[PDB]
């Protein structure tokens, strides 16, 4: 089925009252008195498509005597996809698209748009016109660099970004400082300054410290349980997942050292892991960040290095790199018991172009960020509504069927996104750093593990094409989609529905479940939070309409690995554990985690 006919199925389904409240509440623009310039999703969709279509102004393939036709065609596609909610960019794009721009240019009908109007949009874009979710800055080992990083955190946070850092450059507590006053206070003491700064600016960050840092134990307890309430903390792992699994299995030792220090120490790699698991068992933090696995697949490694992710895990980024995200609602792609792959590939093509185009109309607070993005052009195309899609296809999330379905779905998406990048590379220019990347300097480089689809062969050959042309260094990610999935009235990222009914009722359950059976049980379901131990609901309804805590921790982890084989950046997935999980259940998640292809790990025990 053609995308245009898909769009027509969705373009006029009104956003729920839930979605509409969140929109009014924070997406609809407001004039200098707090009066509405936008009153429905259509206004947002028009504004956003028009701002992003403006980037086509820079397309060397067009000419004068063609640009305006071509530009308006892109705004029109962008607009229809957006209004239909089949693809939605990350929040910062929705908020900040068109800031600076004369109101009478942002909502004026497309037919009336002139080449001058598009140019004025382009140039009236102000310093707040920042449209990317994800940032990473370094924190060098000097008071100067620490405080410049604190400044950068403030500026990024002001304009709407989430920011992450690896703090491992900072010498541990006690090290010599060539001076007078004595000793380094260490990474963790400095993260408290970042926390204070952000707590003020925000009246949601990531901080990583590597496993072999002498202050790792202090760091692991850092949010126990002084505090760093604005940080998500992850333990970094710069070395092979292989080496770390093996060292653990052999009950090895890890040498804690730092180059700019004489602080050395030895700890049993298993005691450290138990320390992590115990804390995570209690409160969720710290997560794990398989930095070395990220770099394995990093087309620009080792002449660039991923040391951190963004606050939620899904983009591992090099220094001063940012990435703009967007998500395709796959639940809208259901048709007759099948995923309409005809329409999907067309959207994937449109979506990659939109995301590449956001780069050109984005404004960042820091020149080093502007330049890092220009050279790499990293994108984060993902999916939402996956769980809801599986409900429609009558596939239980915790099953091998579901994961083989995921892997193939993600493989398909990966294929056409990367083919779209080759084609944009042709049309617009390669990403400046193509020459020094492994897409070029290597043969048969692929930036994810694969090994769970029949598209591998095809993917392995699109990857050879991108030797000559490639617009972007990587293109895929699965994001949390906390807000935009709510806008799209769909499930979040790859996650299972956390609940089917929550007065604080899933639409697919409402259709597939016989009403009155639905009316009877809906009170009991709200309390018990699962269909599992509601008696007299059909075994097939019970099996398919699984919630997060119906799905055991390995089924969560194996879903993540399935998607991650076909994702070139990383994945936001929470490994939900039942309240009765033990610290030993967490270690087991961690070990399975080191054997699968996942690039990181977040666990969360119900009740903790």
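Numbering follows the first chain given and starts at 1. C-alpha atoms forming the largest set that superposes within 1.5 Å between two forms make up the rigid core.
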* Structure fact -> In terms of RMS C-alpha distance in 9 other deposited structures of this protein following rigid core superposition, 513-521 and 324-332 differ, and the farther one is 513-521
* Between 83-91 and 227-235, which has the larger RMS C-alpha deviation from this form in 9 other deposited structures of this protein after core superposition? -> 227-235
* Missing from the model but present in the deposited sequence, between residue 225 and residue 226 -> 4 to 9
* Looking at the deposited sequence, how many residues between residue 203 and residue 204 were given no coordinates in the entry: none, 1 to 3, 4 to 9, or 10 or more? -> 4 to 9
* Structure fact -> Taking the deposited Cα B-factors and averaging over 119-127 and over 533-541, the higher mean is found in 533-541
* Asked: Taking only the CA atoms, which stretch has the higher mean B-factor in the record, 140-148 or 330-338?
  -> 330-338
* To do: Among the candidates 522, 319, 495, 314, give the one with the maximum CA B-factor reported in the record.
  => 522
* Name the residue from 85, 378, 416, 467 with the greatest C-alpha temperature factor listed in the entry. => 467
* To do: Could you say whether, by C-alpha temperature factor, residue 252 belongs to the lowest, middle or highest third of its chain?
  => highest
* Asked: According to the PDB entry, is the CA B factor of residue 349 in the bottom, middle or top third of its chain, that is, lowest, middle or highest?
  -> middle
* Structure fact -> In terms of its chain's C-alpha B-factors, the third that includes residue 597 is the lowest
* Please rank the C-alpha B-factors of the chain's modelled residues and tell me whether residue 54 sits in the lowest, middle or highest third. => middle
* Structure fact -> Temperature factor at the Cα of residue 41, chain-ranked in thirds, falls in the middle
